[PDB]
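Sequential numbering from 1 along the given sequence is applied to the chain's residues.
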Amino acid sequence: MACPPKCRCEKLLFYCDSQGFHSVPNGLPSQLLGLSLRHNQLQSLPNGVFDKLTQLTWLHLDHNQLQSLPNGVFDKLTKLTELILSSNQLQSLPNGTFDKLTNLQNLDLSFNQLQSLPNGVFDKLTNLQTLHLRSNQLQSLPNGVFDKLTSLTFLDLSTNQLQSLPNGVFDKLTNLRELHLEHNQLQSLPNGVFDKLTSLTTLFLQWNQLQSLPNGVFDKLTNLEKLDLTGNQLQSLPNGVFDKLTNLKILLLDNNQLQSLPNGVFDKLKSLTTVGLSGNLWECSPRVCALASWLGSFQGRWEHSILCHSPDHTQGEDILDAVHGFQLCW
């Protein structure tokens, strides 16, 4: 079996990575099971360059400088289970580009420059489990774009430019376990947006710009174990917002604009072991006594100190200290 110069070949797995290549080596064998071309140079791929590689189950093209993808280039890789395209310079995806990859389980498009997704681009990937779209340039999402991804368990949309989520965009993702929406530009959420996500265990919303949470928004996420809302612009929480999250173990509300919390807002979180309430704008008056009391008998931990913001004479002080020092409760 011929191994290309500078490549490393383990039976039917060819490792042609990290060699500063400008092109795909000739002439790969039709029986290749895996091909790695990561960490090369490479700005473009020739039309049909992978067409003979019909048995390929995994292909790695990460950390090159691909500016575009030819039309149909993955066509014929019908056995592909993993496609990694991360860390490139892709601005758009050709229409139907993944349509023949019906066995695809893992698709990684992280660290590219995608400004939009074609309509129906994921529609044939009925077996996809994990979709990585992190650190791209998406401003919106087409409607129904995830509707066929009924096997998806992991979805990462973090660090894009998303200004809104379309209604129902997650409604078909009933097996979803982990959802990353952090570091976008969301200022509100559609009502019922998470409602079908009954198997969800992990939800990341931090460092958006949220000004509100819909009433009942977390109500169906009865299996949720971690919720991160850090660094948004919440000035208040709706009542009963966390009531159904009986398995929640981690709740992070640091660095919002909270002055106060509703009475009994944490009462139903039997499983909680970590809370985060740093930053914020806590008012150290008799308004804090319910929170101070809950904190005092909590049972779990918090990683950063919880401070008074007002009034001026208490600013900087640990809430629990201020309550005694200025006799605010008891």
Start with the C-alpha distance between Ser310 and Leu281, add both sets of side-chain angles, then the distance that settles side chain to side chain contact (heavy atoms under 4.5 Å, CB included), and finish with yes or no.
CA-CA 7 Å; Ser310 72; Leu281 264 47; over 6 Å; no
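- Checked by atom type, the side-chain pair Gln161/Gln137 shows a donor-acceptor distance below 3.5 Å.
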Residues 217-225 side chain polar contacts: donor-acceptor under 3.5 Å, at least two apart:
unit_1, atom_1, unit_2, atom_2, d
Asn223, ND2, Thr198, O, 3.0

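- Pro5 and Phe21 make their closest contact through O-CZ, 4.1 Å (heavy atoms, listed as atom of the first residue, atom of the second, distance).
- Here the side chain of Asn160 pairs a donor or acceptor atom with the backbone of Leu133 at under 3.5 angstrom.
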Give the intermediate values and the outcome of side chain to side chain contact (heavy atoms under 4.5 Å, CB included) for residues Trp302 and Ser278.
CA-CA 9 Å; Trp302 57 90; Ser278 294; over 6 Å; no
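- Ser293 contributes no side-chain N or O that, together with a main-chain N or O of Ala290, makes up a donor-acceptor pair within less than 3.5 Å.
- Without hydrogens or angle criteria, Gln315 side chain to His309 main chain gives a donor-acceptor distance under 3.5 Å.
- Heavy atoms only, all atoms of each residue included: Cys284 and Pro311 are closest at O-CD, 3.2 Å.
- Within the 4.5 Å cutoff, side-chain heavy atoms of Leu291 are placed close to those of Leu277.
- Considering every non-hydrogen atom in both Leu253 and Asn280, the closest pair reads O-ND2, 2.9 Å.
- For the side-chain contact (heavy atoms from CB on, under 4.5 Å) test, residues two or more places apart in sequence or in another chain that qualify with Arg134 are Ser110, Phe111, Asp156, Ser158.
- Residues passing the salt bridge (charged side-chain N to carboxylate O under 4.0 Å, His left out) test with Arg287, sequence neighbours excluded: none.
- Using a distance-only test at 3.5 Å, with no hydrogens or angles considered, a donor-acceptor pair links the side chain of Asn208 to the main chain of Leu181.
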Side-chain donor/acceptor pairs under 3.5 Å, residues 80-96, sequence neighbours excluded:
unit_1, atom_1, unit_2, atom_2, d
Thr81, OG1, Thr57, O, 2.9
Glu82, OE1, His60, NE2, 2.9
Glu82, OE2, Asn106, ND2, 2.7
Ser86, OG, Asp108, O, 3.4
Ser86, OG, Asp108, OD1, 2.7
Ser86, OG, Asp108, OD2, 3.0
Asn88, OD1, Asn64, N, 3.1
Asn88, OD1, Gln65, N, 3.1
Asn88, OD1, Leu66, N, 3.2
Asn88, ND2, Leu61, O, 3.0
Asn88, ND2, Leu85, O, 3.1
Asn88, ND2, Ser86, O, 3.4

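- For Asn103, the side-chain contact (heavy atoms from CB on, under 4.5 Å) criterion is met by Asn127, not counting sequence neighbours.
- In terms of modelled atom types and a separation under 3.5 Å, the side chain of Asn232 and the main chain of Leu205 share a donor-acceptor contact.
- Every residue meeting the side-chain contact (heavy atoms from CB on, under 4.5 Å) condition with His39, not counting sequence neighbours, appears here in chain and number order: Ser18, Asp62, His63.
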